[PDB]
């Protein structure tokens, strides 16, 4: 089996923290309590002066994605290893179906690519990048038989992934029918397309042109529009990579107004800012280029962290989609050709601890909710993951909140040859990572094999996402007025 007893630490769940040992047997947590016996043969991890937390769940990755004429350098193998070294024990990666391509074929191609390579557990969202009867059927199959309750739609990427309002209305309606959550990349793709054209014509070909062609208003607008279409059909919505104060405030206002919408800032938008696009060194500026862009208002990451603490924003991913320096160089003369994407899978947990807990913005329990539990609740496997409790999966991180580590591309485990968080000194270090009941990272070294992680099959109609939707279907039906003809 492999038995492990994590002894002497303080367990930290989303609700409260308490001292207790944790007994792991066979992939599962089988007991949580004080002073547990060490069974003969079991390995003891000494978690004295440490916190024992559910492993991080990164809701947003693109490992080895073919995009913008090249392929991301962190692949399923290296990317999941880097996750583990950074205290993340699950990733959820996007099946990026091409326009006119079968969603089932694209799903199968992702499972074939990832199944033999992942080092930690994972699951998949599926992008719906076009619409038709076939797509409709395949979404039902994916939700009922293939383990997927999240579909990803794009309002940006005109010509490539974009859907118009009438198509989003149909797609969101069908999400609600199959019990799936609708995820959206919310930027106005017409404004992006025109904006870029204008920045190029004015000779602004560098990364500053990338931010200036699609400033935060462009993200805030599409975010409000997605919310409005989703509310019209009573479909739950998930806005991925919220990058700006104004888009975050759209989400904040919609939630206060009782709309079923969740917002996901990412490690990049919580840990750094878009002033980097104006850096004199082209390579440096290019490293940060992603859609939607990081924003040049320096108060952004702190504000996003305050809203993450207060649950205006609810959980975190990384949008890990990495391109090395020579790949980013594809766009040296033309920002539109810089492959979009930044790093974060490995450093998300330390960045959020330093910028959110050490700073006093959120407590350790809210940290667990926004790095693991809420993802498990929304994507429908809580408390199987996201909670240190008997019968839960043994994906556990032993965490030192007092020690710092400096993030550097010289010491990171990602494939990419630079790091958007270079030089950041973070409190909060993953000292030991356990995945599926096995020690896969300890004493700064990984011990794991490609294919050791498993795909997690979820069911639709996640209760955290749907119980309000369903009650509103039952009491919120519009009524005719009764009238003489």
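Numbering follows the first chain given and starts at 1.
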query	finding
Greater mean Cα temperature factor according to the PDB record, 141-149 or 322-330	322-330
Of 68-76 and 117-125, the one with larger mean CA B-factor	68-76
Residue, from 186, 285, 368, 266, that the PDB entry assigns the highest Cα B-factor	285
Options 37, 28, 457, 62 - largest CA temperature factor per the record	37
For residue 453, the third of its chain into which the C-alpha B factor falls	highest
Residue 299 - which third its CA temperature factor falls in, relative to the rest of the chain	middle
Record-listed C-alpha B factor of residue 390: chain third	middle
Third of the chain, ranked by Cα B-factor, where residue 10 sits	lowest
Among modelled residues of the same chain, the CA temperature factor third for residue 194	highest
